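When the chains are written out, they are named A, B, C, D, E, F and G in that same order, and each has its own residue count from 1.
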Amino acid sequence: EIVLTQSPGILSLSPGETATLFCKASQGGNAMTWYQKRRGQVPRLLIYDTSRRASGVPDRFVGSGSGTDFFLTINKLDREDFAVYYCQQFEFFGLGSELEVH
Amino acid sequence: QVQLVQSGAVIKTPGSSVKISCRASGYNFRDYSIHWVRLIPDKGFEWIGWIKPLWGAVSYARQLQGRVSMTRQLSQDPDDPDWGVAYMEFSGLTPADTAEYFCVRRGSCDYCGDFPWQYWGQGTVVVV
Amino acid sequence: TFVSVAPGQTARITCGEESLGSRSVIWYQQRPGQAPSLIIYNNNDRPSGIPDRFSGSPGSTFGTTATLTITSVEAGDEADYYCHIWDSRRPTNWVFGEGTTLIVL
Amino acid sequence: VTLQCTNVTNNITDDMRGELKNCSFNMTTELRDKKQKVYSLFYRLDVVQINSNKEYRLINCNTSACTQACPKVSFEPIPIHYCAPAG
Amino acid sequence: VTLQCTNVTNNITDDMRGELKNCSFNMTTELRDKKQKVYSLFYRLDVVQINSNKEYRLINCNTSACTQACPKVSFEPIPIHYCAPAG
Amino acid sequence: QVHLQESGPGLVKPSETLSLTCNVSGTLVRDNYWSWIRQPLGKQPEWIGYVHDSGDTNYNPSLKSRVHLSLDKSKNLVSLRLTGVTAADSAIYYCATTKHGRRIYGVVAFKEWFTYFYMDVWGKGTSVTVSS
Amino acid sequence: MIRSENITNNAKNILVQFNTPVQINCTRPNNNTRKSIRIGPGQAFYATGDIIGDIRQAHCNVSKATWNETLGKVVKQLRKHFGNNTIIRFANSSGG
C-alpha cells in the first residue's frame, strides 16, 4: 500500500505570510489532492489533480509539484486559515498538518 | 447547489447494529460515485467504502468485508430523477469503531479525476 | 379536564379546537359559586384588575391548541376556566368550550 | 370527471364571493380496475356548473383535454441573445 | 390489471422456490364492452405482492407502463462497421 | 364605579314569555355594547348576544326567533324578552358590558379583518328555571 | 418616449417607455400544499392540498409617489402631439 508523509506536522506561525506544505508519496506520478478542514465541521476541498482549485475558494491557495513531491502554497495568511490541512490520493490520507496562531 | 443530509447522533450498545441514512439532492444523481468515510478520535482518516449507484456496485477497504452493507434507492417517478438515498447498514459494533461517519460525493469539477471528493455531508457521530 | 395542581407549580390548561386561522382567544376566570370574570382579553394581553403569570398562547402560528400557562399557582386560582375562540376561518362560536377546573392542593 | 364540489371551510360573508371550490371526485388508480376517491382545491375561474345538487366540471373539457406542465421545467425567462448567420 | 394468481401445477418441495406463477386476469377484448378472462404464466422476478387471498401486480406498473417488443424484430447483433466522414 | 343588577320572576310555567332587565351605575347605555349570557347548571354558559343603538343588534342564530333585545334610554337600563320557554333555559341569566376591537390579519381594504367582543364585567346572576 | 405606429389612428397601440422604473411587489399569501395523486402508471398528477394559515386574496402593490411622478412624466411627453391645452384622463379597460 502507498503511505503518505507530510512535512511540518504541527506548525505555529504568523498571519500575512506564505507557507509551503510538502507531501511525499511513495510512488510517483499521482493525482494529488488537497483538503482544508476546520475542527468539528465539514472538510471541503481545496485543490484537485495537483494544481487547480475549486469554484468559490480564494485564489491565495495554489497547489504545485510533480513526480513524487507536492507543494501546497498559501500566500498572505489571512485569519480564516487556522485549521488543519490534509493531502490525499484515493484511499489514503495524510496524518494532518496544523497551522496555529502564534 | 448540492446538498447532503445525514441523520442524528446515535449512542448505542455493544454488539448492536446501526443504520445511517445519507439523502442527496440537487444534482443529476446517476453520474457520481458516492463514498463513505470515517473519522476516529485522534487517528486521522481511514476510508470505508464506495458505491456506484447506477447499479449499486460496491467495494470496501480490507478490514470491513462482511459486517457492513450499503444499499441505495433511486427515484421512481418521471418528474424528479435527481434525488437519491443511500443506506449504510452497519453491524458488528465494537469500541474501536467509535467515530463519526460522513457520506461524500465526487464533485462536478473540470479537472476532477475520480477520487477528489468535493461535497461532504454534515456528519454523524456514533459512540458504542 | 379537572387538572389538579399542587401549589407553587406550573399549570398548563388546554381547551378548544385546533387552530385553523389567526385566532383571538378570550380566557375567562370563574369564581366557584359567584359570578364569572374576565382574565385574558387578547391572545396575550392582560387588563387591569389582575397581575401577570397568566400567559396566553400566541395565536400567530397554525395548527395549535390554546394553551394558558400559569406559574406559581395559589389557592385563589381554584377556579373554573373558560376558553372562547374567535377564529378567522370558522364562524362565530356562540357557545364556549368545555368546563375545565383547576384544583389546588 | 364529474365533480362533487363544495365551499372551502371558511367564514363566508355575502359580499365576498368565494375563490376556492373544494371538489372531490372519482379517479383511476395505478391498477386499472381499482379506483380512488380523492379531493382537491380549485379556483372558481376553472370550474363550471353543469346542469340541491351541485355537480361541476373543468372548463376545458368541452373544448380539448389538455396538458400538465412538468414541475421540472421552470418558467422564469432566461435572456436570449439573438444573433445573425454568416452572410 | 389486478391478478388472481397461483402456483403452476408442480410437485413442490419446500427448499426449491417456485419460478412460475400462473395468473389469470381480466382483460379487454376487441370490442370495448366485452371483456375476457385469460390466463398466463409469469416469472417471479416480474410479479410482486400487493397487500387467504393472494392478489398480484406487474412490477413496472408503479413506475411506468411499458412496451412490448415486436416479434418481427430480432435481437441478435449484426456487425457494425464504423466508418469516417470526408475530411 | 359600576355595578349591575339583574331581575327575574324565577319560578315560571312552560311556554311563556320571560322578560328580564339589568341596571346601570355611573355610565350610560349609549357608550358601550351590552350583552346577555345564560348558563345551565354545571355546564358551559351560552351567549345570547349583544345590543347597541343604531342597528348594531346581531343575535345568536341558534335561537333567532323567540328573542328580543331592547334598551331603555330613558330609564338607562337594558332588557331581554324571551318567549316560549323550554326546560333547556333552566339557567342563571346574566347581563354584561363589552368593549370591541379589530383583529386584523391581512389587507385592511379587502375586509380581511374581524371584531372581537369580550365581556369585562358580569351581573349578579339570576337563577331562572322552569317547572310547575 | 412614446412611440406609435401613428397616433391619430385609434387602432394601433401607442406604446410608451420610460426611464426610471416603478418597482412593483406582487404576492400570494395563501400557503399552499402540493399533493401528488397517481393517475395510472407513472402519471403523477399534481393538485392543491390543504390551505393552512389564513385565506386571503393575492394582490399587487405599487408605491404612490413614483406612480404619480411617472404618470406626470408620461402626460408631459404625451401632450406634445396634441396641443398644449388638452385635458388628459385615464380609465380602465372597457370589455373583452
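Here is the rule we use: a residue touches a chain if its C-beta (ideal position, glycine included) is under 8 Å from a C-beta of that chain, and two chains touch if they have at least 3 such contacts.
The interface holding more C-beta pairs in contact, when C-F is weighed against C-G, is C-F. When chain D is fitted to chain E on its Cα atoms, the angle of the rotation, on a 0 to 180 scale and to the nearest 5, is 120 degrees. When every chain is represented by the mean of its C-alpha atoms, the one lying closest to the mean of all protein C-alpha atoms is D.
Chain B and chain E have Cα centroids lying 36 Å from one another. Chain E has its Cα centroid 64 Å from the Cα centroid of chain C.
In this assembly, the C-alpha centroid of chain B lies 68 Å from the C-alpha centroid of chain F. Distance between chain centres (mean CA atoms), chain A to chain G: 56 Å. Among the residues of chain C, those touching two or more other chains are numbered 21-22, 88-89. Among the residues of chain B, those touching two or more other chains are numbered 78-79. Each of residues 10-11, 30, 32, 71 in chain D touches at least two other chains. The touching residues of chain G, when paired with chain E in their complex, are 38, 40-42.
Chain B contributes residues 76, 78 to its touches with chain E in the complex. If you check the complex, the residues on chain D that touch chain E are 30-34. Of all residues in chain G, only 35, 37-41, 45-51, 55, 57 touch chain D in the complex they form.
Listed in rising order, the residues of chain D touching chain B in the complex are 70-72.
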